[PDB]
Amino acid sequence: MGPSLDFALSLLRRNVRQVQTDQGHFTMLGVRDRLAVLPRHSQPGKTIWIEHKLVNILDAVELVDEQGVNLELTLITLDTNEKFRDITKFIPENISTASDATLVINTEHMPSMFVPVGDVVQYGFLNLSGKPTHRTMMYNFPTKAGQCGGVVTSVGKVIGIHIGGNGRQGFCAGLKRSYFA
Ligand SMILES: */C(=C/C(=O)OCC)[C@H](C[C@@H]1CCNC1=O)NC(=O)[C@H](Cc1ccccc1)NC(C)=O
């Protein structure tokens, strides 16, 4: 097997989890230790269902920028025996665009699902459900309900979390390493 599939499959096995909140099914990325990230609108409460188990959330932090604006990312600290494989070195120091990217989804409804969203480009401000969110990126792929939380990836780098869409173009919250320091 080749390198790009190896990485995505490995990411799946060790870092990308099937979850459900009161808002339904999402894909969750475990970044390191007990720290994972979910899209903000998933609204994790005190517990979250992670694959086969309800897990207690010790702390949740919804990220905003310096101009108070939403970023559509919640950092969660889990009460779990598991440390996540630390993949913060695969996350760029600053939000980065990419080419021939792949969106990696993992929910009970869409398990181990690979979506070739193609080139990923800067995008900026986005309106999702009359909520405005900064630091955003775009792929011209018609993304779908249930794909939120899905992991935007290319060339062994981890660059975004799917948050939103319109029938023609899908959009992610860009990742940067400082969020997980
Ligand atoms: C992912 C969440 C989901 O399945 O929720 C069920 C409603 C979707 C995926 C996107 C949108 C539709 N097609 C796609 O590929 N995202 C959203 O529903 C997203 C939710 C949201 C709310 C508030 C702030 C940011 C994002 N909203 C939109 C309009 O996409």
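All values below come from the heavy atoms of this structure, side chains included, with hydrogens, waters and symmetry mates left out. Numbering starts at 1 and runs along the sequence shown.
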(message) Using 0.5 Å steps for rounding, measure from the CG atom of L103 to the OG atom of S154.
(response) 12.5 Å
(request) Decide side-chain contact (heavy atoms from CB on, under 4.5 Å) for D100 and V155; before the verdict, give the C-alpha distance in whole Å, the side-chain angles of both, and the deciding distance to 0.1 Å. (result) CA-CA 9 Å; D100 279 327; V155 184; over 6 Å; no
(request) Check the hydrophobic clustering (I, L, V, M, F, W, Y; side-chain heavy atoms under 4.5 Å; chains of links allowed) and say if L35 and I87 are grouped together. (result) yes
(message) Going by side chain to side chain donor-acceptor pair (under 3.5 Å), name the pairs with one or both residues in residues 60-70, residues two or more places apart or in two chains.
(response) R40-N70, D65-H134, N70-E72
(message) Would you say that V120 contacts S99 through its side chain, given a criterion of any heavy-atom pair below 4.5 Å between the two side chains?
(response) no
(message) Listing request: all ring-ring contact (aromatic ring centres under 6.0 Å, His included) pairs with a residue in residues 57-76, at least two apart in sequence or in separate chains.
(response) none
(request) Evaluate the side-chain proximity of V115 to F141: yes if any heavy-atom separation is below 4.5 Å, no if none is. (result) yes
(request) Mind jotting down which residue pairs meet the ring-ring contact (aromatic ring centres under 6.0 Å, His included) criterion with at least one end in residues 67-102? Sequence neighbours excluded, please. (result) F7-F90
(message) Under a 3.5 Å distance rule, please check whether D86 uses its side chain to pair with a backbone N or O of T88 as donor and acceptor.
(response) yes
(message) Rounded at 0.5 Å granularity, tell me how far CD1 in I163 sits from OG in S42.
(response) 11.5 Å
(message) Closer than 4.0 angstrom, basic N to acidic O: yes or no for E82 and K53?
(response) no
(request) Under the ring-ring contact (aromatic ring centres under 6.0 Å, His included) rule, collect the residues that match up with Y123, sequence neighbours excluded. (result) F171
(request) Check side-chain contact (heavy atoms from CB on, under 4.5 Å) between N56 and all other residues, then give those that pass, not counting sequence neighbours. (result) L58, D79
(request) Just do the side-chain contact (heavy atoms from CB on, under 4.5 Å) check on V151 and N15 with the steps written out, would you? (result) CA-CA 10 Å; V151 189; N15 291 277; over 6 Å; no
(message) Do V104 and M28 sit in one hydrophobic cluster, given that two such residues count as connected whenever their side-chain heavy atoms are within less than 4.5 Å of each other, even indirectly?
(response) no
(request) First locate atom CG of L71, then atom CG of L175, and finally report the distance between them rounded to the nearest 0.5 Å. (result) 11.0 Å
(request) Could you tell me the separation between the CD atom of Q18 and the CE atom of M110, rounded to the nearest 0.5 Å? (result) 10.5 Å
(message) If we ignore hydrogens and angles and just use 3.5 Å, is the side chain of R17 paired with the main-chain N or O of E51 as donor and acceptor?
(response) no
(request) State plainly whether one hydrophobic cluster holds both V19 and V16, where clusters connect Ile, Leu, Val, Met, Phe, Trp and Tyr through side-chain heavy atoms under 4.5 angstrom apart. (result) no
(message) So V61 and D59, do their side chains get closer than 4.5 Å, heavy atoms only?
(response) yes
(request) Could you state whether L38 and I91 fall into the same hydrophobic cluster, counting links through intermediate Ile, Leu, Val, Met, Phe, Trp or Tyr residues with side-chain heavy atoms under 4.5 angstrom apart? (result) no
(request) Evaluate the side-chain proximity of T102 to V117: yes if any heavy-atom separation is below 4.5 Å, no if none is. (result) no
(request) Walk me through it: do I95 and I159 pass the test side-chain contact (heavy atoms from CB on, under 4.5 Å)? (result) CA-CA 7 Å; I95 289 145; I159 69 210; over 6 Å; no
(request) First locate atom NE2 of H162, then atom OG1 of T27, and finally report the distance between them rounded to the nearest 0.5 Å. (result) 10.5 Å
(request) Using modelled atom types only, decide if a donor and an acceptor are shared between the side chain of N106 and the backbone of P111 within a distance under 3.5 Å. (result) no
(message) With clusters defined by side-chain heavy atoms of hydrophobic residues (ILVMFWY) lying less than 4.5 Å apart, directly or transitively, does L12 cluster with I50?
(response) no
(message) Under the ring-ring contact (aromatic ring centres under 6.0 Å, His included) definition, can you give me all pairs with a residue in residues 41-61, not counting sequence neighbours?
(response) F26-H41
(request) Keeping the roles fixed (side chain from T21, backbone from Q23), state whether a donor-acceptor pair exists under 3.5 Å. (result) yes
(message) Does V158 form a side-chain contact (heavy atoms from CB on, under 4.5 Å) with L11? I'd like the steps, not just the answer.
(response) CA-CA 10 Å; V158 174; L11 202 53; 4.2 Å; yes
(request) Would you check if the side chain of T107 reaches a backbone N or O of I105 as a donor-acceptor pair within less than 3.5 Å? (result) no
(request) Please round to the nearest 0.5 Å and tell me the distance separating atom OG1 of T80 and atom CD1 of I48. (result) 11.5 Å
